[PDB]
2 protein chains.
Amino acid sequence: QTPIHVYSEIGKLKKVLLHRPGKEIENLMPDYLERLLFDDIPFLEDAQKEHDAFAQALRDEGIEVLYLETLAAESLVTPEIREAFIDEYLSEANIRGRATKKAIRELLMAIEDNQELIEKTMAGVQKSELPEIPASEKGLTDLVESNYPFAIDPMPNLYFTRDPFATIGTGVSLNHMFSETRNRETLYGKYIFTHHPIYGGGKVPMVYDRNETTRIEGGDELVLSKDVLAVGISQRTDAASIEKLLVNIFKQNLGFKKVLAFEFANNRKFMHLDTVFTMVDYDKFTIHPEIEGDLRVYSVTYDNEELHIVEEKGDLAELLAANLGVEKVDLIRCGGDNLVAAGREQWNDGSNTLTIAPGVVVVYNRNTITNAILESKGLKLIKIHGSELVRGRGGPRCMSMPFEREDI
Amino acid sequence: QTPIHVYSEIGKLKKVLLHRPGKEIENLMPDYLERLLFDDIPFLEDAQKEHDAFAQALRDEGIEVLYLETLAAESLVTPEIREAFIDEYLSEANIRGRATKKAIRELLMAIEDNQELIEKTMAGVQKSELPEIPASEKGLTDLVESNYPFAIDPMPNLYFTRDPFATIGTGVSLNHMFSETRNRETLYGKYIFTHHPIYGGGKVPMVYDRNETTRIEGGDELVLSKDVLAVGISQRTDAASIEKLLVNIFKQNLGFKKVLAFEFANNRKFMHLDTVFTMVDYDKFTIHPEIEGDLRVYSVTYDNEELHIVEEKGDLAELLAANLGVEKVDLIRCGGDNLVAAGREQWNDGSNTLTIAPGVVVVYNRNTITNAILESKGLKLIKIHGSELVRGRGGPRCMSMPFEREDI
């Protein structure tokens, strides 16, 4: 056995990693929304009830729900590792002024409970929380006073555990995010996969590093089968990251023979591959209709220790069927045939469906048309309320990171 | 003795005008959240449950709940008035192509139920809903094909019945909206106040008309008392419309002696007077903190049929107390002492509270700090769920238009 075991997107989910929204959602302000990747300001209490209901809906299906804050807290195994974490967090926090960085270090060092400490680093720090620094103690950047209310920004997207790191076979892809707001989130994965008693100490092989120059995000990484991976060349994932990931996979002999690289890097509208394409059964996929036209797929293999590329110019459904070993693949249209319904539901992550078993999917109640089509195809739905959670522009698959899945 | 009787913002509410969200909310698409006026795409079914719960919470307080779509349907008293409505709606619908205008006229003429017809005009028309026009029947704009999915754009702000027309005394201010697209919404008020058996036939005097040149919006119209009106000079209401309004009031002898004009036209952040200032009791007002500094108040009277303006340079609370005939006025700040909460709650319409009786207010459950301040001041709160409705960036006062309030 191994702590990580993910060889599909549809295998019966046994362990999943989530993040319960904390004060990072409360520290959202209207003027700073576009950058912190938020569409609206959620109501924390209702967002927490919705996220608890989602985690409970997973537990009701026999899934072990793991929390990012808990795993990160369990990684600060020594006072030295706890101090190393505080200092690494502060160096990446983009603090303006030496005296402000010093005051925050004192504040964090005073938090006795490890999970309480982790949660505070996730929430950020308001300037109002800090004592008044006397002029004599002030440095140059301390003297430049601004109306900006945060000393350390929150990381509100943390409840979207899909992107900072993705599980591949027995390994993890510790990602280098597009936005430097979201690349701060990869600090929790770093401490878990190096110092956690179960997930650290080299027990989990790394197929990507956060230190790496080129960008990659978990939403582009799809584990279709034990032999095939799907990865999108998008606005958030550089093509160079995909080759470095492939070379590392065949290096750590994970067992994946081929990689289907989905080129749509020119399509700014759709951030990740999973926002327009997910696997819901052995021979079924939810797809966004618009992406069919400007899509280029490549078969990337690692033979004679060198990488070989073949552009697959044929039909997508036929290509997926040949690669999965099934007779025919059904590409189910998000939002049906109606353009308006498709646009509306795509925006609400209608194509980003979490599959907890073959043909068993977790969906938002608001995606009525897509849900009705999935049901008509013989799929089983677990509908959840996501009115507050969808404000972060992500669905159930975005809010989750499988740690263990039954083999197919 | 008159169908409209509104001489305060706090008098016991007896009749209110609402609009239940319809298919206009379903006809929202991500790429055009710009050429319309929305922050997010709501889930219509949940939006409708939330509104119904809001309307029922009002009925439970002995308020008669009137609907815009019903009143507009009841105004199509003759086949001639029904046809005049269809043709006026089409002339303002900005239809691209003569043949498309003709096809939509046939479509609407086929809807036999008047409310079903009204609701369809509110929803707009998708191009997919229209039959294929043969090339021979097509004109030039018909031939220029675009990817744009609507033949007639929805009116998604219709559930915010506060702005297109405001009730003043026994009269109505049928407004001219700042944007010509939002101004399509004032067509329903026009048919109501001219042809409705109760509200038409000149039974409701007009203190403003939609065919007026300068712009004014309901959110900038406050009926403080039977003698005093508060009107805002904002980004949405031209100062010239206020003079036109005042002259029409004093002419139609509506009884209002003074108008307190609030200058903040330079403040680009706050759209109307009501988003930063509302009356919640005889001597209490909910206010946004930021607005006190850059605020200029003017006393506008019409003595000897010639407008007289006096700038009020004194304290706002003292000024409001002298004008209302109370000893002292309490200006309750939205979102309290914490900057983050104040920003968050102002955004969720925390300063714009519906008062259904003196000291009895209807609020969103999400505005925790404002609600706690109101409660601590001895006010009775009726809390509603507005997770879907607040996506339109408006609160309970924004979604309501009083038709009758008891005298103070």
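Within every chain, numbering begins at 1; the chains are lettered A, B, ... in the order of the sequence lines, protein sequences first and strands thereafter. Heavy-atom basis, side chains included; hydrogens, waters and symmetry copies ignored.
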Residue-level interface, residues 42-49 of chain B with chain A, non-hydrogen cut-off under 4.5 Å = B/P42, B/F43, B/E45, B/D46

note = The side chain to side chain contact (heavy atoms under 4.5 Å, CB included) partner of B/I41 among A/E345, A/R344, A/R366 is A/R344

ask   = Heavy-atom distance under 4.5 Å between the side chains of A/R391 and B/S387, does that happen here?
value = yes

message = Using a 6.0 Å cut-off, check whether atom NZ of B/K127 has over 12 heavy atoms from anything other than its own residue.
response = yes

ask   = Tell me, side chain or backbone of A/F150 under 4.5 Å from chain B's heavy atoms, or both, or neither?
value = side chain

task = State, yes or no, whether a side-chain contact exists between A/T368 and B/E26 at a heavy-atom distance under 4.5 Å.
result = no

query = Can you tell me if NZ on B/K138 sees more than 12 non-hydrogen neighbours from other groups inside 6.0 Å?
reply = yes

task = Check whether any side-chain heavy atom of A/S128 lies under 4.5 Å from a side-chain heavy atom of B/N338, and answer yes or no.
result = yes

key: Among the listed options A/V390, A/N365, A/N348, A/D39, the residue most often paired with chain B at heavy-atom distances under 4.5 Å   = A/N365

task = Please indicate whether B/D52 has more than 12 foreign heavy atoms, meaning atoms of other residues, nucleotides or ligands, lying under 6.0 Å from its CG.
result = yes

ask   = Are any non-hydrogen side-chain atoms of A/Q126 and B/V340 less than 4.5 angstrom apart?
value = yes

Over 12 foreign heavy atoms within 6.0 Å of CG, A/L339 = no

ask   = Under 4.0 Å between a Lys/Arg side-chain N and an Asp/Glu carboxylate O for B/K269 and A/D31?
value = yes

ask   = Mind checking what makes ring-ring contact (aromatic ring centres under 6.0 Å, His included) contact with A/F277, not counting sequence neighbours?
value = A/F262, A/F285

task = Would you indicate whether B/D294, at its atom CG, is surrounded by more than 12 heavy atoms from other residues, nucleotides or ligands within a distance under 6.0 Å?
result = yes

